[PDB]
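One letter stands for each residue in the lines below.
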Amino acid sequence: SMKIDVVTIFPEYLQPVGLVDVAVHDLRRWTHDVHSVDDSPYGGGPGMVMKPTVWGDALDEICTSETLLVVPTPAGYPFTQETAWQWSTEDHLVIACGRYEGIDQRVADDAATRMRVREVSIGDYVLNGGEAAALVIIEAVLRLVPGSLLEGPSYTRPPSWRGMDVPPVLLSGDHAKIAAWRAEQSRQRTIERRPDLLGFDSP
Amino acid sequence: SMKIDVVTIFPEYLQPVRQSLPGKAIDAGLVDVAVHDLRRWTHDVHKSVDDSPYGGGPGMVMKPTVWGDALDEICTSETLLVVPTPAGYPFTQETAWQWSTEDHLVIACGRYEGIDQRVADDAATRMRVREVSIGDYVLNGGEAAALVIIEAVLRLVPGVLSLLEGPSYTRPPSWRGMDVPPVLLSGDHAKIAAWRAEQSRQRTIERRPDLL
Ligand SMILES: Nc1cc(-c2ccc3ccn(Cc4ccccn4)c3c2)[nH]n1
Ligand SMILES: Nc1cc(-c2ccc3ccn(Cc4ccccn4)c3c2)[nH]n1
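Residues numbered from 1 in each chain as written, not as in the entry; some residues may be left out. Chains lettered and ligands numbered in written order. Heavy atoms only, no water. Residues with missing side-chain atoms left out of burial classes, pairs and counts.

- Per the PDB record, this model was obtained through X-ray crystallography at a reported resolution of 2.6900 Å.

- Per the PDB entry, the recorded name for chain B is tRNA (guanine-N(1)-)-methyltransferase, and the organism is Mycobacterium abscessus.
- The record for the entry shows the title "Crystal structure of TrmD, a tRNA-(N1G37) methyltransferase, from Mycobacterium abscessus in complex with inhibitor".
- What the UniProt record of chain B gives under Subcellular location (unreviewed entry) is the line "Cytoplasm". (UniProt positions renumbered as here; feature names shortened; annotations may be inferred.)

- As named in the PDB entry, chain A is tRNA (guanine-N(1)-)-methyltransferase, taken from Mycobacterium abscessus.
- According to the UniProt record, the Catalytic activity (unreviewed entry) comment for chain A reads "guanosine(37) in tRNA + S-adenosyl-L-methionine = N(1)-methylguanosine(37) in tRNA + S-adenosyl-L-homocysteine + H(+)".
- Per UniProt, chain A has the following entry under Subcellular location (unreviewed entry): "Cytoplasm".

Here is the structure:
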């Protein structure tokens with residue numbers, strides 16, 4: 001059993017969500033001011049940084065000492081399939097979705113004193129916020145909840161379509177020849193598309 | 001000006017993007033995002049999108065017949081076809097920059113064990129096709145991958161929306177026993193830049209040693 005809490009300033013983005021309960025929290029519910037979640041960065045620079053004070057009160061109410069705090073960030077550790085397996089057995093996940101240029105560092109540092117904190121990246125691209133990354137994390141984790149190489153090409157009926165035939169080995173019904181072909185196709189694809197997985201230089 | 005078409009069996013998954021778009025960008029004709037149900041192009045009364053894999057195996061493969069019809073109607077010869085897949089080329093920031101100047105993007109969102117390979121192969125004979133992965137993890141479909149692709153591409157299109165970045169700080173100067181690093185309040189902007197560069201290198205060594 002697992003509980004996932006997602007904290008964000010845009011709770012509407014998280015709308016695409018027995019054994020698991022998923023709750024979305026608006027961060028602006030923890031502001032006592034009439035107007036603000038963001039302020040200018042110390043030391044200068046572009047954009048805005050999310051204030052630590054608002055995040056502190058939100059995570060104090062939601063998180064326990066057993067909580068694993070997930071902070072999506074482009075500067076984080078790589079979130080992989082290995083990470084997804086490690087997180088699928090967790091009791092409580094809190095995903096802190098940032099916006100603007102990110103969250104004040106002291107939020108992750110403060111939470112690390114009472115709980116386990118993971119700053120993670122889902123890929124080498126920049127998103128506008130952690131909301132999209134949260135949806136990626138949730139999907140990757142939840143499909144592994146109890147209850148190595150690139151995948152080869154997949155085919156289904158008809159056997160001939162638009163003048164393109166399904167590879168005749170798959171129709172033959174020879175399990176040993178099918179497995180040998182599929183392994184060949186997977187290894188040829190991994191060389192071409194992701195040579196790093198087999199231990200070669202990226203293009 | 002950019003048109004994005006998304007084809008999926010779950011069109012409700014792509015509600016975040018359409019909601020997150022500002023009205024000013026749509027009214028100026030900079031962006032038009034349209035979501036299409038794949039079951040519009042089904043042939044049978046049961047509205048079948050999937051069928052059993054050739055050569056055995058677990059799970060199901062999405063039908064080439066239904067997908068072929070959908071792409072014939074939506075795609076032109078100037079279309080760049082984006083097909084999210086765990087076995088694809090890596091989608092990076094460089095990939096996002098290249099696609100930000102494109103006129104027509106069609107994202108084909110698969111489910112089950114993926115789409116019949118002949119769909120992309122047929123499309124490759126008359127248009128540019130990109131099979132892409134957003135990371136080294138497996139999702140249930142291409143819908144979450146599409147939201148990632150759309151957000152990354154569109155934020156680089158103006159008005160629509162290397163080492164690792166160091167720690168960022170804001171008000172207050174003191175919070176829960178932690179002070180903002182005094183260098184950031186010194187007024188020595190040469191020293192700040194050098195401090196930020198060192199923090200960037202330290203974070204890169206610790207978190208992403210592959211980039212060095
Ligand atoms: N793998 C990832 C993670 C992210 C991500 C996660 C959370 C936030 C909150 C804000 N931004 C924007 C932003 C812009 C400039 C520098 C830092 N951050 C985020 C981006 N994108 N791609
Ligand atoms: N970087 C990526 C891409 C995907 C992705 C994209 C599209 C589909 C359509 C179906 N599945 C599930 C599935 C499971 C087992 C083998 C093949 N596919 C998808 C997964 N996940 N992570």
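Alright, that's what it looks like, and here's the rest.
1. Some remarks on the overall build of chain A
Item 1. From N to C terminus, chain A includes six helices and nine strands.
Item 2. Scaling as 2.2 N^0.38, a compact globule of 203 residues should have a C-alpha radius of gyration of about 17 Å, whereas chain A reaches 22 Å, well beyond that.
Item 3. C-alpha atoms of chain A, sized along the principal axes, occupy 70 × 45 × 35 Å. (Helix = DSSP H or I, 4+ residues; strand = E, 2+ residues; numbered from the N terminus. Rg over C-alpha atoms; globule rule 2.2 N^0.38 Å.)

2. Thoughts on the pairing of strand β6 (residues 92–96) of chain A
All names here are of chain A.
Item 1. Burial of β6 is extensive: five of the five residues sit out of reach of the surface.
Item 2. Burial along β6 is two-sided: the residues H92, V94 and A96 and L93 and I95 are all buried.
Item 3. The sheet contact formed by strand β1 (residues 2–8) and β6 spans five bridges and is parallel. Bridge assignment links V6 to a residue of β6, and that residue is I95.
Item 4. Summarising the sheet, strand β5 (residues 68–78) and β6 pair through three bridges and their orientation is parallel. Following the sheet pairing, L69 is matched in β6 by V94. (Buried < 20%, exposed > 50% of the residue type's maximum accessible area, 1.4 Å probe, protein only. Pairing = 2+ DSSP bridges.)

3. Considering the site of ligand 2
Residue and element names in this part refer to chain B.
Item 1. Surveying the vicinity of ligand 2 reveals 17 residues, the closest of which are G110, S133, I134, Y137 and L139.
Item 2. Within the backbone of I134, one N or O atom sits 3.1 Å away from a nitrogen atom of ligand 2.
Item 3. One of the backbone nitrogen or oxygen atoms of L139 is found 3.0 Å away from a nitrogen atom of ligand 2.
Item 4. Out of a free accessible area of 490 Å², ligand 2 has 95% covered by protein chains.
Item 5. Ranked by residue count, the leading element in the shell around ligand 2 is strand β5 (residues 80–90), at three residues.
Item 6. Considering only residue class, the shell around ligand 2 consists of seven nonpolar, seven polar and three charged. (Near = heavy atom within 4 Å. Polar contact = N/O pair within 3.5 Å; in protein donor to acceptor, adjacent residues only side chain to side chain. Areas by Shrake-Rupley, 256 points an atom, 1.4 Å probe, with all protein chains shown as cover. Nonpolar A, V, L, I, M, F, W, Y, C, P; charged D, E, K, R; others polar.)

4. Points about a nonpolar patch on the surface
Residues and elements named next belong to chain A.
Item 1. Judged by side-chain polarity, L149, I191, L198 and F200 come together as a nonpolar surface patch covering roughly 350 Å² of accessible area.
Item 2. With respect to the helices and strands, the residue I191 is situated in helix α6 (residues 175–193).
Item 3. Look at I191 and you get partly exposed, because its relative accessible area is 45%. (Patch = residues over 30% accessible without salt bridge, like charges linked within 9 Å, V, L, I, M, F, W, Y side chains within 5 Å. Salt bridge = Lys/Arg side-chain N within 4 Å of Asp/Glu carboxyl O.)

5. Looking at the sheet that holds strand β7 (residues 116–121) of chain A
Item 1. An order of β2-β1-β6-β5-β7 (chain A) is seen for the five strands of this open sheet, with the pairing classed as parallel. Each end of this open sheet is capped by a strand with a single partner; those strands are β2 (20–26) and β7 of chain A. Strand after strand, the sheet turns through a mean of 25° between neighbouring axes, direction not considered.
Item 2. Sheet strands in contact with helix α4 (residues 131–142) of chain A are β1, β2, β5, β6 and β7 of chain A, and its direction is about 170° off that of β1(A).
Item 3. In the packing of helix α7 (residues 189–207) of chain B onto the sheet, the strands contacted are β5 and β7 of chain A, and the crossing angle to β5(A) comes to about 110°. (Axes fitted to C-alpha atoms, helices over the stretch in contact; angles between N-to-C directions. Contact = heavy atoms within 4.5 Å.)

6. Quick look at the site of ligand 1
Item 1. Of all residues adjacent to ligand 1, which total 18 residues, the nearest are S121(A), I122(A), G123(A), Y125(A) and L127(A).
Item 2. Those chains with residues close to ligand 1 are chains A and B.
Item 3. Backbone polar atom of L127(A) to a nitrogen atom of ligand 1: 3.0 Å apart, as the coordinates give it.
Item 4. Protein contacts shield 95% of the accessible area of ligand 1, which totals 490 Å² for the unbound molecule.
Item 5. Considering every element that reaches the shell around ligand 1, the biggest residue donor is β5(A), with three residues.

7. A few points about the interface of chain A and chain B
Item 1. Counting residues at the interface gives 72 residues for chain A and 75 residues for chain B.
Item 2. The junction of chain A with chain B conceals about 6,800 Å² of combined surface from both sides, 51% of it contributed by carbon and sulfur atoms.
Item 3. The tally of links between chain A and chain B comes to eleven salt bridges.
Item 4. Across the pair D124(A) and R208(B) runs a salt bridge, and its minimum N-O distance is 2.8 Å.
Item 5. On inspection of chain A and its partner chain B, the count reaches 57 residue pairs in polar contact. (Buried area = accessible area lost by both parts, 1.4 Å probe.)

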